[PDB]
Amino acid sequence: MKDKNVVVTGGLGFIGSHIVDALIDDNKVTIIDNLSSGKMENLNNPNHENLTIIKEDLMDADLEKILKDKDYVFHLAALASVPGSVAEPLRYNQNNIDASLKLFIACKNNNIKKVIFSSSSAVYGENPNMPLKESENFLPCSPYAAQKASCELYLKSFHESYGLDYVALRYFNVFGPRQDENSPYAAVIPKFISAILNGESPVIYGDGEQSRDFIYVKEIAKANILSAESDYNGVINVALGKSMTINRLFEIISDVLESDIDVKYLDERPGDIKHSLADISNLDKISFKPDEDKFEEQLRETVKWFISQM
């Protein structure tokens, strides 16, 4: 992508910062981010000539004005937490549905060429029909999952009502540089890496045979950019279509870190589904083929990032 003027909501966050990095040399980029979880220092160059940063909540921003003469909108801003949403459903509704809708209204009023929306495999709930096809019904188990599904439904309705073109991307388990490790809720790869680097035993919730479809953050960024350039409108899973158990993950991370620190086993967390696996056939719709044998290399890059932060 070259010579476009794009908006990246949540562009100071984990995933959004990697999208900004990939676009910024050849495109004007306006980030809208309230710093609720993102950081200026997540950007490779936060002073880049092509960059604009608007430090504001989407609910307050004049999105009708900001989106004038923009080409594409990448919507990553969200309160991105399943357990957080259970504790605070109304606040999550404001950030995840209401703000998204305000953005989508400004998109259609400004004739934005495409919206690329960050959804989640959480919308599937506990579905045994793996590998999970996009045609599965929604089975949201948390307010967060209902919110992402609601946004997908609004996008469908905006396509029909106003001709707004969009891709909704259902991410599976994203990992990589700049992912949070500090929250009680933080993802397993950051927790395993952080624990080992701090000389502490990590923990597994359950027996460790649970499995996930992990996908590297730079691949998510590529999928976003390819979706913007595609003529396809609709919903696409973004993953590798491969399973890894948490036991196996721990072995691999321990090998990468040359670590003899052992893992502890605790009871299962309520709400954790046992197995999650994407069907990624529809990645053909955006001409995306993720790298299928680069997990160790990606983990090494992630570890090096966490080392640099100590």
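Position 1 is the first residue in the sequence shown; the rest follow in order.
- As recorded in the PDB entry, 180-188 is the stretch of 216-224 and 180-188 with the greater mean C-alpha temperature factor.
- Averaged over their C-alpha atoms, the temperature factors of 88-96 and 225-233 are higher for 225-233.
- Reading the B-factor column for the CA atoms of 75, 102, 113, 148 in the entry, the top value corresponds to 113.
- When the modelled residues of the chain are ordered by their C-alpha B factor, residue 208 lands in the lowest third.
- Residue 79 sits in the lowest third of its chain by CA B factor, as recorded in the PDB entry.
- Looking at the C-alpha B-factors along this chain, the one for residue 287 belongs to the highest third.
- Among the modelled residues of its chain, residue 6 has a C-alpha B-factor that falls in the middle third according to the deposited record.
- Per the deposited record, the Cα B-factor of residue 134 falls in the middle third when ranked against the other modelled residues of its chain.
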